Amino acid sequence: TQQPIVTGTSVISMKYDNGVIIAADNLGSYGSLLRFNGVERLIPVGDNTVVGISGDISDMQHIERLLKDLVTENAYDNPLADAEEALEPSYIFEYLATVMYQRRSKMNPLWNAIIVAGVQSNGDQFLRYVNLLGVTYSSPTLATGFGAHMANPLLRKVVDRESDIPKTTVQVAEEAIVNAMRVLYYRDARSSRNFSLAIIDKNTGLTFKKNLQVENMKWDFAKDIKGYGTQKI
Amino acid sequence: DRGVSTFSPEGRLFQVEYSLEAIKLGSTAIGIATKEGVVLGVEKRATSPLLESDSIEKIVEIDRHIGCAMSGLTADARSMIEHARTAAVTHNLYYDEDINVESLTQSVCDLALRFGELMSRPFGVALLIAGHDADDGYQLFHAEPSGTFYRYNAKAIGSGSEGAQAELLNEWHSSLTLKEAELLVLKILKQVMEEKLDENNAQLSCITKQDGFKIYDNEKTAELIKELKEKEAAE
Amino acid sequence: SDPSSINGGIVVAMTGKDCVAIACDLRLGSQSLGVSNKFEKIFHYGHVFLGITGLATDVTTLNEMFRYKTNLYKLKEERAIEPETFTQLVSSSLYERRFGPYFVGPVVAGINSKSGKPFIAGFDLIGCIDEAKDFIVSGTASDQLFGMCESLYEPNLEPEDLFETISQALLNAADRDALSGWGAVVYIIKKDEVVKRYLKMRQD
Amino acid sequence: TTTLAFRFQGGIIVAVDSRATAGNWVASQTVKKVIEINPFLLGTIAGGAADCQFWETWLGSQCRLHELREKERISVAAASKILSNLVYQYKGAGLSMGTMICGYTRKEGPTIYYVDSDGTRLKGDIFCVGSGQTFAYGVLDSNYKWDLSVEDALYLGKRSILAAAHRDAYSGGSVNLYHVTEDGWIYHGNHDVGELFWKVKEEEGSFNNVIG
Amino acid sequence: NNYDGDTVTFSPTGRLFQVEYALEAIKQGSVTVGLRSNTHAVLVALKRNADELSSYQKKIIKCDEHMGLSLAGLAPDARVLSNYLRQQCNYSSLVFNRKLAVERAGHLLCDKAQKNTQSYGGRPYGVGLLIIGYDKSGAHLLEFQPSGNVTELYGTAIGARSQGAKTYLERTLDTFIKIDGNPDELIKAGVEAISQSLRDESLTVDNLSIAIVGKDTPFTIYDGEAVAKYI
Amino acid sequence: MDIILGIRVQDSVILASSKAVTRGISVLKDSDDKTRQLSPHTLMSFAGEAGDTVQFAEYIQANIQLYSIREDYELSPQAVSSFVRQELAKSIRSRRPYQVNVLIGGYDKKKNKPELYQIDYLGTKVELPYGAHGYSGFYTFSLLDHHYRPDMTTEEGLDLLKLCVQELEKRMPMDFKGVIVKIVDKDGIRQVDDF
Amino acid sequence: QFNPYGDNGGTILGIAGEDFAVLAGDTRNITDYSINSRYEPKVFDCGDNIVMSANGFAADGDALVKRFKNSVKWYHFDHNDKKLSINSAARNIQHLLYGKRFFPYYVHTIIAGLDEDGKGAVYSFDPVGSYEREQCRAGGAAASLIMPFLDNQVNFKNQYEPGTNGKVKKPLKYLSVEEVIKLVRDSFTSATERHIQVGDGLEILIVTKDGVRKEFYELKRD
Amino acid sequence: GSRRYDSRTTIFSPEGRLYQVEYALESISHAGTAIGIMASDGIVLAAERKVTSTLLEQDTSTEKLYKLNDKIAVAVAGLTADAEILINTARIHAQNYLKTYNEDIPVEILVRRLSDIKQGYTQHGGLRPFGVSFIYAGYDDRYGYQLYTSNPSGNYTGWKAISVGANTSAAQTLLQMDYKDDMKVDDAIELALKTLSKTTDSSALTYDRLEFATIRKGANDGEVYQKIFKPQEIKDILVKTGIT
Amino acid sequence: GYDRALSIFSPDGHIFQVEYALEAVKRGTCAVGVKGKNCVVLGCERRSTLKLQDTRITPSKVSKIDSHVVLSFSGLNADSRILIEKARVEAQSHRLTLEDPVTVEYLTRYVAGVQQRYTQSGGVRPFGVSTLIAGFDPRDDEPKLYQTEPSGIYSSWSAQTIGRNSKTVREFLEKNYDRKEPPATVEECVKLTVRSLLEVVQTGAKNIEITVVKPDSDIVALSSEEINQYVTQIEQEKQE
Ligand SMILES: *[B]([O])([O])[C]([C][C]([C])[C])[N]C(=O)[C]([C]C1=[C][C]=[C][C]=[C]1)[N]C(=O)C1=[C]N=[C][C]=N1
Ligand SMILES: [Mg+2]
Ligand SMILES: [Mg+2]
Ligand SMILES: [Mg+2]
Ligand SMILES: [Mg+2]
C-alpha cells in the first residue's frame with residue numbers, strides 16, 4: 001500500500017473505421033503543484049501498439065521499462081520478431097493486465113490506469129483498459145480519470161455502438177479527440193495545454209504527434225461576467 | 001561407488017533393473033479381468049507354521065471400486081497404498097465422484113522414479129491394481145517400479161510369473177464368467193506354489209460394480225478349492 | 001493492563017560498613033485481589049543476592065534463568081560468580097529482549113569475596129545499570145522508597161543499625177502503596193554470615 | 001438457523017431448518033443443513049455456510065480414510081475430535097461454525113458431540129444450535145423424555161424447529177428430519193413450513209395467537 | 001569406461017557417456033514417425049505391447065490444442081517433459097493470450113534437458129520426442145534428443161529400425177511436402193513411411209497410433225477402429 | 001468457564017469446579033467436568049477461554065502420561081506444577097497465547113503431604129492452602145481466611161467447601177449449576193458423587 | 001489506504017429447464033456512477049457443455065473464470081479426455097473459492113448446463129465457496145429485484161387454483177425454452193427500469209444436448 | 001562428484017557390525033584406564049593420566065574427571081576434546097531439566113540423553129562417532145548411588161563396579177574377585193587404587209599420574225558432596241592404603 | 001544435509017544394508033514371545049558375560065510402550081531406544097486424537113513403518129533391531145503378539161523367537177506349541193516360555209527375564225526367585 005506522488009491525468013481514446021486514436025497531456029502533477037511540464041505519457045511498443053498511462057509517474061516509468069524489456073525478450077531466438085511473431089496489442093495488454101492484478105493481490109499495486117491501443121495482425125482494432133485493481137474492459141471509446149466523465153460523452157456521440165465504427169473516418173475521429181482535449185483543459189484543474197496524440201492505422205501504420213496544443217478556445221464572454229449576482233460594475 | 005540414477009550401456013537404469021530382480025523373489029500374485037468383474041489372488045507364503053497366516057495382508061483395499069495385490073518387498077508397498085488411498089479420497093473431495101482406475105494407477109506410478117541423491121532407492125515391489133469405473137469398465141493394471149504401467153486382461157507377478165503367464169495365455173477368453181475366473185486363479189496358484197494350496201496359505205478377492213471390492217473369507221475360498229478339485233477329477 | 005503494576009511489590013537495597021542489606025515485601029495480587037502473602041522476591045546464587053519486582057511470571061522466569069546461568073558459570077569457571085560480574089550478566093540478559101522485554105525491576109546486592117567491598121546495583125526492564133553507593137529502590141512504591149531512603153539513610157551504618165533503617169524505609173513506603181505489603185523480609189549480609197529477618201507489619 | 005439433536009430410547013433424532021440469509025435478505029429456503037458423512041454419521045451445520053460445508057465435507061474424507069486404514073468405522077468421538085482439532089488450528093482467523101456430530105457405534109451407542117469454531121467440544125444428550133436455538137429449547141425441554149417412541153420423538157423434533165422457524169426471523173423454509181439408529185440413519189422427508197404450520201395449528205390446537 | 005560413472009565427467013576425447021547411454025535407450029524404444037506439409041503436420045507411432053494379454057503402450061501425448069508430441073524411450077521421462085510443455089504452453093496463453101511458438105517450445109525443452117547433463121546428482125532424460133504443431137508461421141515438426149539438441153525438420157523418425165523410415169522420407173521429400181489441404185493423403189504417406197521400419201510384425205488395428213494438427217484442425221489422436229481406414 | 005476452587009487440608013487436596021457451560025444466552029450443558037487426571041496422585045482443574053481450556057489440559061495430560069511411561073515413575077506435584085507453569089510462561093509471549101487458568105492439586109507420596117498450586121495464564125505460580133480463579137476468590141477467600149485451619153480433616157474440608165458454594169450460589173449473578181468435587185489423597189483420586 | 005476490491009455492477013440469471021438450461025447476464029460494466037462499457041461479455045462458455053458467470057468485482061470474476069477454464073483443460077489431460085460433469089465442476093469451483101477464504105473472490109458465481117441424466121441444471125455459489133443446486137437463481141446487483149419474481153413465475157409460489165380458495169396449490173408444470181426466455185427478458189427489462197447498474201444489453205446462453213447457443217437483446221441505455 | 005571421497009561412517013558390515021563404532025572402541029582401549037566402584041555409602045572414581053611429564057602442571061590440570069552437576073560426575077576414556085563437547089551438552093541438559101521441573105535431573109535420564117546423542121552419530125549424518133567412553137557416577141533420591149557407562153555405539157549399562165579404557169579385561173577380573181555388596185567407600189577407595197596399581201603399564205603408580213574423586217553422603221546431614229581430590233590429597237591416600 | 005543413498009539394490013535384487021541389519025539382530029541376545037488363552041508372556045536372555053552389574057538401574061529388555069502394550073527386542077540396544085521412544089510418543093498421540101489407546105496391531109504397524117522408512121531414506125542406515133510387540137487391545141480379552149524386522153515387514157504370531165540361537169528355540173516351539181489348545185493358564189504359558197529359553201540360555205539363574213502381560217493393563221515382571229522355581233520344576237521333571 002502506498003499513495004501516488006507525481007501523477008498524470010486523463011488518457012482518452014476511440015476506435016475509427018481503419019484503426020484507433022489515443023491521446024494524453026504532457027503534465028506531471030505534484031498534488032496541486034503543476035510540477036513537470038514535459039512528461040510523455042504515450043509509450044509506443046513496436047509499430048502497431050501505443051500504451052497510454054495515467055496515475056503515478058514513478059510506476060509509469062517502471063511499466064515503461066517492463067515494456068522496453070518485453071520487446072528485447074521477444075526478439076531472443078525469434079527470426080520472425082519483425083514479422084509473424086512480432087508483439088501484438090493483445091499480447092502486450094494481457095501481460096500488463098496480469099501484472100496489475102498480481103500486484104493488487106499482493107496489496108502493493110501499480111497506482112495507474114492504462115489504455116492499450118493498437119491494431120492486430122488481421123487488421124482488427126484493439127482498445128482495452130486496465131487499472132490498479134486489475135479491472136479490465138473494452139469499448140468503442142475509452143478514457144481514464146476526468147476523461148471518463150467528460151471525454152466519453154463527447155466521443156460516444158460519434159461512436160455510440162459497434163456499428164458506428166465503419167462509418168467513422170480518421171478525420172472525424174481525430175477532430176473529436178482534439179475537441180475532448182480542449183474541454184478537459186477548460187474543466188480539469190490538473191491538466192495542461194500541451195499534449196501528445198497517436199494514431200494507429202491498419203493502412204498508414206503508426207503516426208505519433210508530439211507538442212500539440214489546445215487551440216480555438218472561447219474566453220471572450222468572460223469580460224461580460226461581473227460579480228456573483230447583484231454587482232453591476 | 002556409483003550413482004543411484006545411473007544408466008547402463010544398454011540404456012537401462014541399474015537400480016530399476018535390480019529392483020525387478022527383488023520382485024521375482026517375491027510371492028506369487030495373479031489377477032484376471034472379466035466383463036462380470038476382476039479377480040485378484042495371492043500366495044501368502046508363511047515362513048513358519050507358528051505365524052498366524054490371517055495377519056498376512058498382501059491384498060489391500062484402495063477405495064470401494066479399486067483393489068490392489070502386491071509382490072516383492074511388501075514393506076515398500078505401505079507408502080504406495082497410503083498415497084493411492086489419499087489420491088482416491090482427495091479426488092472425490094475435489095470432484096464429487098469416483099476416480100478412474102487408470103488415473104489412480106498413474107498417480108501411484110508418478111512416485112516410482114522419485115529417487116536420487118526424495119527417497120534413496122526405487123520401490124522393491126510390483127502392484128496389480130484392479131478396479132471398475134463407468135467410462136472404461138472393469139480394468140486390471142500392472143504397476144512397476146520403473147514408473148511404467150500396462151493394462152492387462154490377465155497378469156501374474158512374483159516367483160512363478162512366467163509359468164503362470166503362459167497358462168493365462170491359453171486359458172483366458174473374452175467371455176469368462178466371474179466363477180470361472182475365481183477357479184482359474186486358484187488353479188494356476190496351486191500349480192506354481194511350493195506348498196499345497198489351501199484356504200490358509202492362499203487368498204482370493206474381487207471387485208464388482210454392485211458390491212465393490214471384497215476380500216474373500218477363508219470359508220468361502222475353501223468351498224471354491226473343493227469345487228476345483230472335483231471339476232479337475234471329472235475328466 | 002500495565003504489566004509492571006498487575007501483581008505489585010517492592011524491593012530495596014542499602015550499603016553499610018562492611019555489609020549490605022536487601023529487603024522486599026511478600027504480596028502477590030491480581031490488581032485489587034490479594035492472592036498470596038508468601039511470595040518472596042529475593043533470591044540468591046552463591047553469595048550474590050538478586051531481588052526482582054514487577055510481573056510475577058517474569059520474576060519467577062528470570063530467577064530460574066539466572067540460577068541456570070550461574071550454575072553453568074560455576075562449573076566452567078570453578079568459582080562462584082561475583083556481584084560485579086553478575087550485574088553485567090543481568091544487563092546482558094535483559095537487553096537481548098530489547099523489543100520484547102521482561103517486565104521487571106531487578107536489584108543486585110552482595111559483597112565481593114576477594115576485595116570485601118560492599119556492592120549494590122539496580123536495573124530498568126531492558127538492562128540499564130544503576131550502580132549506586134548509597135541505596136537502590138524498585139517496584140510500585142519506588143517513589144515512596146526514594147523519599148524514605150533519601151531522608152533516613154546515612155553512610156557507614158553498622159549491620160544492626162542498618163537493619164533498622166532499611167526496615168523502616170520499606171515498611172513506611174509499603175503502607176502508602178495499595179499493591180505492596182502483606183509481610184516483609186530483610187536480609188542482612190556480611191562477608192561470611194547472612195541473617196534473614198521477617199518483619200511484623202500491618203496486613204491490609 | 002435452528003438445528004437440534006437429542007438422544008432417546010430409539011436412538012437419536014436430528015432436525016434442522018432450511019433458511020439462509022445475508023442481512024435481512026433471504027438468500028435461500030432450500031439449504032441442506034444435515035450432511036450425510038457416512039451411512040452412520042450425520043453432521044448438522046450452523047453459522048458460516050461455506051465454512052460448514054467445506055469442512056464437514058472434508059470431515060467425511062478423513063473418516064473414509066480412517067476406515068480404509070483401520071479396517072473399522074470411525075467412532076463418533078474420534079470423528080468429532082478431528083473436526084474440533086482442525087478448527088482449533090484456525091482459531092482467531094474468523095471461521096464461523098456450530099455443529100452436532102451425531103452417530104451410532106457398538107462401543108459408544110448413540111452419541112452426540114457439539115463442535116464449535118471457538119474450539120469447544122462437548123458430549124451431551126440434548127443440543128440446540130443457531131440463532132433460533134432458544135425457541136427450540138423451549139419446546140424440547142418441556143416435552144422431552146428418554147422413553148419416547150420413534151414416531152413421537154420425530155414429531156417433537158419437527159415441532160421444535162417449527163417453533164423457532166415461526167419466531168426467529170433468520171430461521172425458516174422447511175424442516176429436514178433424520179432418525180439415527182443401530183442400523184444407521186433414516187431420512188424422514190422435507191417438510192415445508194408454509195404447509196406444516198397450518199397443519200400443526202389445526203390438528204394440535206396450538207398457535208391460537210395467530211389467525212387462520 | 002572410467003568416465004561414465006556420472007553426468008558431470010567428460011571423457012578424454014570430450015564425450016559424455018551418460019548422455020550417450022541415455023541416447024541408447026531411445027534406439028531400444030519402438031519406432032515413431034513425424035512428417036509435415038505446409039497445411040498439416042502428422043505423427044505416426046508404432047505402439048509396443050508386453051504380451052498378448054497386455055495393452056499397447058501409448059506413444060502420443062497432447063500438449064495443447066495446437067501442439068503435441070510422440071515419444072520413444074523411457075515413457076515416464078516423456079510424461080515429465082510433456083507436462084513441462086503443457087505448463088509452458090499454458091503460461092503463454094494465460095499471461096500473454098498467445099499460443100506458444102513450436103520453435104520456442106523446442107528451445108525450452110533443450111534448456112531443461114541441458115541442466116540435467118551439467119549438474120552432479122541428477123541424470124539425463126532417457127527419451128526422444130517428436131513435436132508437431134501449427135502456429136502463426138504454419139506447420140512445424142521438431143526432433144528432441146536428451147543431449148539437449150533440438151532440430152526443426154520436414155520429416156523424421158526415431159526409435160528401433162528408424163533408419164528405414166528416414167530414408168523413405170528423404171526420397172519422398174518433394175512429394176509429401178506438397179500435400180496441402182488433404183489430411184488423409186498426408187497420413188497415408190506417414191503410414192507408408194513407418195511401414196519401411198517394420199520387420200515380421202505388420203500394422204494391426206490396436207498396434208497403430210496416428211495424430212494430426214493443421215490449419216483448421218486441432219491436435220487430435222486416432223486409435224483403435226479410427227485408424228482401420230489407413231491399414 | 002466460570003468457577004474453580006481448591007483447598008489443601010491435613011491429608012488431602014479437594015478441588016471443586018462448576019458444571020455449567022454457557023455459550024451466549026444459553027446454558028448448553030449442566031454436567032461438565034472441568035478437570036483432567038495428569039497422574040494417579042495429581043489432578044488439574046481449569047478455566048478460561050472456550051477451546052483453549054480443554055486443548056491445554058489434554059496437552060499437559062499427554063505430556064505427563066508420556067513421562068510416566070518413559071521413566072516408570074510418577075512426577076511430584078511440585079515437578080508437574082513447574083512443568084505446567086513453564087508451558088504457560090512460554091505461551092504468554094506466543095502468537096496466540098493459551099487463555100487458561102489452572103489449579104493443580106496433588107498428593108506427594110515421597111513427603112506424604114497434600115499440595116495445591118494456583119497458576120494463571122501468564123504463568124504465575126503460587127503454592128497455597130486454599131485457592132481460586134476468576135471472580136470466585138472475591139467471595140471465597142474471606143470465608144476461608146476465617147474458617148480454615150491447617151489441620152482440618154477431609155470431612156471438615158468438604159463442609160467448609162459447602163459453605164463456600166452456598167455463598168457463591170447466594171451472591172454471584174451467574175447460575176453455575178453446582179460443582180463437581182474431587183478429592184486427592186494417598187489412595188489416589190475419587191469423585192464425591194453427592195454434593 | 002488501498003482498497004483491493006471494487007464493484008463493477010451487473011446482474012446474472014440462471015434457469016433450469018426439463019432438458020435445457022439458460023444462463024443470462026446484462027452486458028453493462030460500471031464503476032460508481034460511470035459506464036465503462038455497454039457491451040462487456042459476462043457469461044462464458046467454459047467447454048464440456050458448461051456455461052459460467054462470476055458477477056460482482058470483475059477482476060476477481062475474470063480471474064475465477066480463467067482459473068476454472070484452466071481446471072477443465074487439466075481435467076482432460078489428467079483423466080483421459082473425460083467430460084467434466086456439472087456436479088463435478090461445481091465441487092471444483094467450491095475449492096477454487098474456499099482456497100481464497102481469507103482473501104475472497106468478491107463475486108456471486110452461477111454455472112449452468114446438463115446433469116448426467118440429461119436434465120437441466122443450475123448451481124449457485126457465494127463468494128467463499130458455499131454452493132447448492134437449484135432450479136432457479138438470480139445473482140448480482142439486481143438479484144433482490146429478480147428472485148421474488150422467479151419464485152412466483154417459475155416455482156409458482158403463493159399461487160393456488162381458482163374455486164378452491166387456498167386449499168389446492170397450482171401444479172408445478174414444466175417450462176419450455178420459449179417460455180423461459182420470455183421470463184428472462186421480462187426480468188431484465190424490469191430490473192433495468194429500477195436499477196441504475198443494469199441496462200445496455202442482455203446476452204443469454206442456452207445449453208442443450210446439441211451444444212451452446214447464444215441470443216442477444218437490447219436493453220435501455222440510460 | 002563428492003561421493004568418490006565419502007567413507008560412509010554409518011553402515012553395517014556383512015557380519016552386522018558398525019565399522020566406525022568398532023574402530024572407535026579400539027581407540028578407547030589404548031586410553032588411560034578409568035575405574036568406577038559403587039558402595040552402600042558412596043561412589044569412587046579413579047583414573048590414570050597417560051604418560052605424564054615432570055613439567056606438566058598437575059594441580060590446574062583436568063583430563064579424566066569432570067563435574068556435570070553437584071550430584072553427577074564422569075570419568076573419561078578416549079579423545080578429551082570429543083568428551084568436552086559431550087560434557088558441555090550434558091551440563092546444559094541437566095540445567096534444562098532443573099529449569100523445567102525445578103528438581104535435579106535423575107542420573108539415568110542424563111545418561112540416556114548423552115547415549116542417544118552418540119547413537120545418532122552411528123545411524124545418520126555421515127559424520128564420525130565420538131571416540132569416548134564415559135563412567136557416570138551420580139546420586140538421586142529415586143535409585144540412590146548409581147554407576148553407568150556409555151560407549152561410542154550409544155549403548156549404556158548399569159554397574160556395581162566397572163572399568164573403561166586400557167586393560168579392562170584384567171581390571172574387571174580383579175574387581176570381580178575382591179568386590180562385595182556390603183562394601184564401604186573407604187574400602188572401595190582401596191580397591192580402586194589396588195586395581196590400577198596392578199593393571200597399570202607404568203613401572204610404579206604415583207600421585208602425579210592419577211586423578212581421583214568420591215561422591216559421598218559423608219556430608220553434614222542428608223545431602224551429597226562431590227570431592228575432586230587434589231595432588232597432595234592423592235599423595236596422602238596412596239600412603240594410607242600402603243602403595244607408596 | 002547428508003543425502004547419501006546407503007540402502008540400495010544389488011545385481012541379484014538384494015538390499016545388503018537391510019540384510020546386514022538382520023545379522024546384527026542375529027548377534028543380539030535371544031528374545032521369545034508366547035501367547036496363551038488369556039495371556040501373553042515375553043521371555044528374554046541376559047548374557048552372563050557381564051557380572052558386577054547393577055540390575056536395579058541397568059536398562060530392562062522389556063519396555064512398556066503404554067499401560068497395555070509391551071515391546072521387547074533383539075539387536076542393537078542403542079537403536080532400540082529410538083524405536084521405543086517414537087512408539088511411546090505415538091501411543092500418547094493416538095490417545096489424544098482418537099480418545100482411545102492404540103491397538104497392538106496399530107502400534108506394530110507404526111513401528112514397522114518407521115523401520116521401513118529407514119530402508120529408503122537418504123543419509124540413514126536401517127535399524128539393526130527386530131521387535132516383539134505384545135499386549136491386549138482396549139476392552140478386548142484376545143491376546144496379541146506381533147513381530148517386526150529391519151526391512152519393515154510385520155506379522156502376527158501364535159509364538160515366536162528372535163535373536164541368537166533363535167533357530168533352536170523356534171524348533172522347540174514348533175513341536176511343543178499346539179494351536180487347537182494353547183497354554184490355558186498363566187503358569188502353563190510361563191513354563192513353556194522358560195522351557196524354550198532353557199534350550200539356549202546356559203544357566204537358569206539371572207540369565208532369564210520373564211514378563212507376563214494380562215488383559216486390562218495388567219503387566220508384571222517376575223523376580224529371580226519366582227523364575228528360579230520354574231527352572232527347578234522343569235529340570236526335576238526332566239530327570240526321568
Ligand atoms: B444459519 O442462520 O446459521 C445459517 C446456516 C447456513 C449453513 C445457511 N446461516 C446463514 O444464513 C448465514 C447468515 C447468518 C445468519 C444468522 C446467524 C449466522 C449467520 N448466511 C450465510 O452463511 C450465507 C452464505 N451464502 C449466501 C448468503 N448467506
Ligand atoms: Mg500497603
Ligand atoms: Mg484434525
Ligand atoms: Mg495467580
Ligand atoms: Mg444514465
# chains A, B, ... in the order shown; residues from 1 in each chain; ligands from 1

call {"tool": "residues_near_ligand", "arguments": {"ligand": "ligand 1", "cutoff": "10 Å", "atoms": "only C-alpha atoms and all ligand atoms", "output": "VMD selection string"}}
result
(chain D and resid 1 to 3 16 to 34 44 to 53 96 to 99 129 to 132 168 to 172) or (chain G and resid 108 124 to 132)

call {"tool": "residues_around", "arguments": {"residues": "stretch 139-141 of chain I", "least_positions_apart": "3", "cutoff": "8 Å", "atoms": "only C-alpha atoms", "output": "PyMOL selection string"}}
result
chain I and resi 38+136+215-216

call {"tool": "residues_near_ligand", "arguments": {"ligand": "ligand 5", "cutoff": "9 Å", "atoms": "only C-alpha atoms and all ligand atoms", "output": "number ranges by chain"}}
result
G: 33-35, 196, 221-222

call {"tool": "select_by_dssp", "arguments": {"residues": "stretch 10-238 of chain H", "states": "strand (DSSP E)", "output": "VMD selection string"}}
result
chain H and resid 34 to 39 42 to 48 65 to 67 72 to 78 132 to 140 144 to 150 156 to 159 161 to 164 210 to 216 225 to 228

call {"tool": "interface_residues", "arguments": {"of": "chain E", "to": "chain B", "cutoff": "6 Å", "atoms": "only C-alpha atoms", "output": "ChimeraX atom specification"}}
result
/E:5,21-22,24-25,53-55,76,121

call {"tool": "write_last_selection", "arguments": {"atoms": "N, CA and C atoms", "output": "compact mmCIF listing (two decimals), in the first residue's frame"}}
result
# COMPACT_ATOMS: atom_id res chain seq x y z
N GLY E 5 30.67 -42.92 -14.94
CA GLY E 5 30.04 -43.09 -13.63
C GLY E 5 28.94 -42.09 -13.36
N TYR E 21 24.54 -43.00 -23.19
CA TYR E 21 23.78 -44.16 -22.70
C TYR E 21 22.28 -43.84 -22.66
N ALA E 22 21.95 -42.60 -22.33
CA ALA E 22 20.56 -42.14 -22.39
C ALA E 22 20.05 -42.15 -23.83
N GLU E 24 21.03 -44.21 -26.03
CA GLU E 24 20.86 -45.62 -26.37
C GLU E 24 19.47 -46.14 -26.02
N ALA E 25 18.88 -45.62 -24.94
CA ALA E 25 17.53 -46.01 -24.53
C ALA E 25 16.47 -45.70 -25.59
N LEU E 53 -1.83 -60.58 -23.74
CA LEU E 53 -2.80 -60.14 -22.73
C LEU E 53 -2.69 -58.65 -22.43
N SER E 54 -1.52 -58.07 -22.67
CA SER E 54 -1.25 -56.67 -22.32
C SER E 54 -1.82 -55.70 -23.35
N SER E 55 -1.99 -54.45 -22.93
CA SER E 55 -2.37 -53.37 -23.84
C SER E 55 -1.14 -52.86 -24.57
N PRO E 76 8.04 -42.51 -18.63
CA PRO E 76 7.89 -41.56 -17.52
C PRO E 76 8.62 -40.24 -17.75
N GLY E 121 24.57 -35.41 -9.38
CA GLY E 121 23.45 -35.98 -8.64
C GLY E 121 22.33 -36.44 -9.56

call {"tool": "residues_around", "arguments": {"residues": "residue A:17", "least_positions_apart": "2", "cutoff": "6 Å", "atoms": "only C-alpha atoms", "output": "JSON, numbers by chain"}}
result
{"A": [19, 165, 166, 168, 169]}

call {"tool": "write_last_selection", "arguments": {"atoms": "C-alpha atoms", "output": "PDB file, in the first residue's frame"}}
result
ATOM      1  CA  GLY A  19      -7.794   1.909 -36.630  1.00  0.00           C
ATOM      2  CA  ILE A 165     -17.136   2.285 -36.215  1.00  0.00           C
ATOM      3  CA  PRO A 166     -17.015   1.639 -40.001  1.00  0.00           C
ATOM      4  CA  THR A 168     -16.346   6.966 -38.648  1.00  0.00           C
ATOM      5  CA  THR A 169     -13.351   8.327 -40.590  1.00  0.00           C
TER       6      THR A 169
END

call {"tool": "closest_atom_pairs", "arguments": {"of": "chain D", "to": "ligand 3", "cutoff": "9 Å", "atoms": "only C-alpha atoms and all ligand atoms", "output": "Markdown table"}}
result
| residue | atom | partner | partner_atom_place_in_ligand_line | distance |
| --- | --- | --- | --- | --- |
| D:59 | CA | ligand 3 | 1 (Mg) | 8.7 |
| D:62 | CA | ligand 3 | 1 (Mg) | 8.6 |
| D:79 | CA | ligand 3 | 1 (Mg) | 8.9 |
| D:81 | CA | ligand 3 | 1 (Mg) | 6.9 |
| D:82 | CA | ligand 3 | 1 (Mg) | 3.8 |
| D:83 | CA | ligand 3 | 1 (Mg) | 5.6 |
| D:84 | CA | ligand 3 | 1 (Mg) | 6.9 |
| D:85 | CA | ligand 3 | 1 (Mg) | 4.5 |
| D:86 | CA | ligand 3 | 1 (Mg) | 4.2 |
| D:87 | CA | ligand 3 | 1 (Mg) | 7.9 |
| D:88 | CA | ligand 3 | 1 (Mg) | 8.7 |
| D:89 | CA | ligand 3 | 1 (Mg) | 8.5 |

call {"tool": "write_last_selection", "arguments": {"atoms": "N, CA and C atoms", "output": "tab-separated table (two decimals), in the first residue's frame"}}
result
chain	number	residue	atom	x	y	z
D	59	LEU	N	-14.48	-33.51	6.45
D	59	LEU	CA	-14.53	-34.46	7.56
D	59	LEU	C	-14.86	-35.87	7.07
D	62	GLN	N	-11.88	-37.58	5.72
D	62	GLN	CA	-10.99	-38.04	6.80
D	62	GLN	C	-11.53	-39.30	7.48
D	79	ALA	N	-14.33	-38.88	15.24
D	79	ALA	CA	-14.79	-38.07	14.12
D	79	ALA	C	-15.00	-36.61	14.55
D	81	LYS	N	-13.62	-35.14	17.09
D	81	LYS	CA	-12.35	-34.56	17.55
D	81	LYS	C	-11.44	-34.18	16.39
D	82	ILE	N	-11.57	-34.87	15.25
D	82	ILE	CA	-10.86	-34.48	14.03
D	82	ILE	C	-11.30	-33.08	13.61
D	83	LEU	N	-12.61	-32.85	13.61
D	83	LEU	CA	-13.16	-31.55	13.24
D	83	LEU	C	-12.78	-30.46	14.24
D	84	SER	N	-12.91	-30.75	15.53
D	84	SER	CA	-12.61	-29.76	16.57
D	84	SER	C	-11.13	-29.39	16.60
D	85	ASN	N	-10.25	-30.37	16.39
D	85	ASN	CA	-8.81	-30.11	16.29
D	85	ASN	C	-8.46	-29.29	15.05
D	86	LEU	N	-9.20	-29.50	13.96
D	86	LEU	CA	-8.97	-28.74	12.73
D	86	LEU	C	-9.33	-27.27	12.93
D	87	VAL	N	-10.55	-27.00	13.40
D	87	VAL	CA	-10.99	-25.62	13.61
D	87	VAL	C	-10.16	-24.89	14.67
D	88	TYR	N	-9.61	-25.64	15.62
D	88	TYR	CA	-8.75	-25.06	16.65
D	88	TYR	C	-7.46	-24.49	16.05
D	89	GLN	N	-6.93	-25.14	15.01
D	89	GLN	CA	-5.77	-24.60	14.28
D	89	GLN	C	-6.09	-23.24	13.68
